[PDB]
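**Q** My structure is below; once you've seen it, I'll send some questions.
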Amino acid sequence: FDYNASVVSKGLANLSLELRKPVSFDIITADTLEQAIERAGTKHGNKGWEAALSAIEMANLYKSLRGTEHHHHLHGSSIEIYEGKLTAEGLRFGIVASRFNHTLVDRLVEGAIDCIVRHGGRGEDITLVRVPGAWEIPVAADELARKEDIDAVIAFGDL
Amino acid sequence: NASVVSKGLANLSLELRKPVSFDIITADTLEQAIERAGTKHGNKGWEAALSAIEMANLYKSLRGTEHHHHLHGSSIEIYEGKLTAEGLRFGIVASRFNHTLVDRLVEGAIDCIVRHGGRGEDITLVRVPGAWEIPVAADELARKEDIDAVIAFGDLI
């Protein structure tokens, strides 16, 4: 009656029989306490995922806005639209994080690095800077922002 | 009913001049439940193996070139399997999980094959981690050309 847990079991069971190889299928089982921990963990992961996602869009929007490229139309009605593609290819980024409450903000950083890499961002272009606390961010962020080979800067606070 | 057998053995001891003993066991309220639990599982293993002997012999006669006894009258053929496990090779698949109770079924199914004319040399036992691996393990046993029936014991519900 789940339509998801039943079909996955049927498919794997037939997969092992048809190929004659063991397929150990194990799922999770939580009861009102690991679910809360799991939901808390994924909420932080998404929080840092979208923070790095908007930087990619804004960085591409600036490049397209002040660039010389005839853009596409809404539907073919000649109204050109300027929008930021979610392709972080060729963009260089810089992340500033505070080690205060590092057990949580590191999930924000980890959830932002993979968002850049999966969208085509090369690993050679991401620079991470750690500071003792949020009060050290403005000077550190200023140093990274002045660099010419930096297209966006992401910072994470503490609470 | 229980005193008469003791008297009969006692008279036998004097007649044959040999020490012949007799002993019984008194059961409290708990050991009766323990004894009934063992017998119930032994019967389940006995019946599971019995249902495989009949089907194995049914295939032997169904594909045979010799038809047999008709219905209560005649002119209607009837096919059925005898309970003679002579010359039949078997294969048992059991799960290691809950082995303290699954092994009762296996022991109750081995003697059923033995007491019906089957020798132990034609029995092949295979143990698997859990019930999930039973269908894929019984598949490999059935690939063997020297297997005529497969018995599988799980542990759920």
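Residue numbers (our numbering), protein chains in the order written: chain A, 1 to 159; chain B, 1001 to 1157. Cβ atoms here follow ideal geometry from the backbone N, Cα and C, with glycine treated the same way.
(1) Only counting the same chain, and skipping five residues up and downstream in sequence, which positions put a Cβ closer than 7 Å to that of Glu18(A)?
(2) My assumption, with CB atoms under 8 Å, is that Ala1142(B) sits in contact with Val1150(B). Please give the rounded CB distance.
(3) Tell me, to the nearest whole angstrom, how far the beta carbon of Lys1040(B) is from that of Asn1057(B); I am working on the premise that it is less than 8 Å.
(4) Between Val105(A), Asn101(A), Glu89(A), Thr87(A), which has its C-alpha nearest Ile95(A)'s C-alpha?
(5) So, do the stretch 109-123 of chain A and the stretch 49-68 of chain A have three or more beta carbon pairs nearer to each other than 8 Å?
(6) If I follow the unbroken alpha helix (DSSP H) through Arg118(A), where does it start and stop?
(7) Taking a contact to mean a Cβ-Cβ separation below 7 Å, would you say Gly123(A) touches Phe100(A) in this structure?
(8) Beta carbon of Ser1095(B), beta carbon of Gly1154(B): below 7 Å?
(9) Please identify the residue among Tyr82(A), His75(A), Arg130(A) whose C-alpha is closest to the C-alpha of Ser64(A).
(10) For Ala55(A) and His75(A), what's the separation of their Cα atoms in angstroms?
(11) Determine the extent of the alpha helix (DSSP H) in which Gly1008(B) is found, giving its start and end residues.
(12) Among the residues of its own chain, which have a CB less than 6 Å from the CB of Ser1013(B), if the five just before and after it don't count?
(13) CB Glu1086(B) to CB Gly1064(B), shorter than 7 Å?
(14) Indicate whether at least one CB of chain A lies closer than 7 Å to the CB of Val1136(B).
(15) Would you say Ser16(A) reaches chain B, if we count a Cβ-Cβ gap shorter than 7 Å as a contact?
(16) Hey, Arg107(A) and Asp149(A) are a contact pair by Cβ (cut 8 Å); roughly how many whole angstroms apart?
(17) Going by the beta-carbon positions, is the gap between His1070(B) and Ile1076(B) smaller than 7 Å?
(18) Where does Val96(A) sit, in a helix, a strand or coil, going by DSSP?
(19) Would you kindly report the start and end of the unbroken beta strand (DSSP E) that includes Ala155(A)?
(20) Keeping to the same chain, check which residues put their C-beta closer than 6 Å to that of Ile1123(B); ignore five residues upstream and five downstream.
(21) Helix, strand or coil for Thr42(A)? Go by DSSP, reduced to three states.
(22) For the beta strand (DSSP E) holding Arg1127(B), just list the boundary residues, first then last.
(23) Determine the DSSP secondary structure at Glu148(A), reduced to helix, strand or coil.
(24) Which same chain residues end up closer than 7 Å to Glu1140(B) when comparing Cβ atoms and leaving out the 5 residues on each side of it in sequence?
(25) Ordered along the chain, which non-local residues of its own chain (more than five positions away) have a Cβ less than 6 Å from that of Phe25(A)?
**A** Checking against the coordinates, here is how it stands:
(1) Position 18 of the first sequence holds residue 18(A). So no residue of the chain qualifies.
(2) Within the second sequence, numbered from 1, the residue matching residue 1142(B) stands at position 142. Within the second sequence, numbered from 1, the residue matching residue 1150(B) stands at position 150. Contact flag correct, Cβ pair sits at about 6 Å.
(3) Residue mapping note: residue 1040(B) aligns to position 40 of the second sequence, counting from 1. Residue mapping note: residue 1057(B) aligns to position 57 of the second sequence, counting from 1. At roughly 27 Å, the Cβ-Cβ gap does not stay under 8 Å, so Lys1040(B) and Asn1057(B) are not in contact.
(4) Numbered from 1 along the first sequence, position 95 holds the residue referred to as residue 95(A). Of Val105(A), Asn101(A), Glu89(A), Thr87(A), the residue nearest in Cα terms is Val105(A).
(5) The stretch 109-123 of chain A vs the stretch 49-68 of chain A: in contact.
(6) Here residue 118(A) refers to the residue found at position 118 of the first sequence. Where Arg118(A) is concerned, the enclosing alpha helix (DSSP H) stretches over 102-118.
(7) As a first step, residue 123(A) must be located in the first sequence, where it is residue number 123. As a first step, residue 100(A) must be located in the first sequence, where it is residue number 100. Their beta carbons are not under 7 Å apart, which means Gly123(A) does not touch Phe100(A) by this criterion.
(8) Indexing the second sequence from 1 puts residue 1095(B) at position 95. Indexing the second sequence from 1 puts residue 1154(B) at position 154. The answer is yes: Cβ separation under 7 Å.
(9) Here residue 64(A) corresponds to residue number 64 of the first sequence, with the count starting at 1. Closest by alpha carbon: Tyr82(A).
(10) Taking the first residue of the first sequence as 1, we reach residue 55(A) at position 55. Taking the first residue of the first sequence as 1, we reach residue 75(A) at position 75. Near 27 Å, if we compare the C-alpha coordinates of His75(A) and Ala55(A).
(11) What you label residue 1008(B) is simply residue 8 of the second sequence in a count that begins at 1. Looking at the DSSP string, the run of the alpha helix (DSSP H) that includes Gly1008(B) is 1003-1016.
(12) Taking the second sequence and counting its residues from 1, the one referred to as residue 1013(B) is at position 13. Cβ neighbours of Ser1013(B) beyond the five flanking positions: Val1020.
(13) By one-based count along the second sequence, residue 1086(B) stands at place 86. By one-based count along the second sequence, residue 1064(B) stands at place 64. Going by C-beta atoms, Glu1086(B) is not nearer than 7 Å to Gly1064(B).
(14) Counted from its first residue, the second sequence places residue 1136(B) at position 136. It does: the Cβ of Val1136(B) has a partner Cβ on chain A nearer than 7 Å.
(15) Locating residue 16(A) in the first sequence gives position 16, counting from the first residue. By this cut-off, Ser16(A) is an interface position.
(16) The sequence position of residue 107(A) within the first sequence is 107, counting from 1. The sequence position of residue 149(A) within the first sequence is 149, counting from 1. Contact doesn't hold; Cβ gap of about 27 Å is too wide.
(17) Within the second sequence, numbered from 1, the residue matching residue 1070(B) stands at position 70. Within the second sequence, numbered from 1, the residue matching residue 1076(B) stands at position 76. Closer than 7 Å, so yes.
(18) Mapped onto the first sequence, residue 96(A) falls at position 96. Note: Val96(A) maps to strand in three-state DSSP.
(19) Indexing the first sequence from 1 puts residue 155(A) at position 155. 152-156 is the span of the beta strand (DSSP E), which, as asked, contains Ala155(A).
(20) As a position in the second sequence, residue 1123(B) is number 123, starting the count at 1. Closer than 6 Å at Cβ, skipping near neighbours: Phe1090.
(21) Mapped onto the first sequence, residue 42(A) falls at position 42. Correct three-state label for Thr42(A): helix.
(22) Position 127 of the second sequence, counting from 1, holds the residue named residue 1127(B). Per DSSP, the continuous beta strand (DSSP E) segment holding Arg1127(B) begins and ends at 1123-1128.
(23) Here residue 148(A) refers to the residue found at position 148 when the first sequence is read from its first residue. The answer is coil: DSSP assigns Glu148(A) none of H, G, I, E or B.
(24) Here residue 1140(B) refers to the residue found at position 140 of the second sequence. None.
(25) Position 25 of the first sequence, counted from the first residue, corresponds to residue 25(A). Correct list, in chain order: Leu12.
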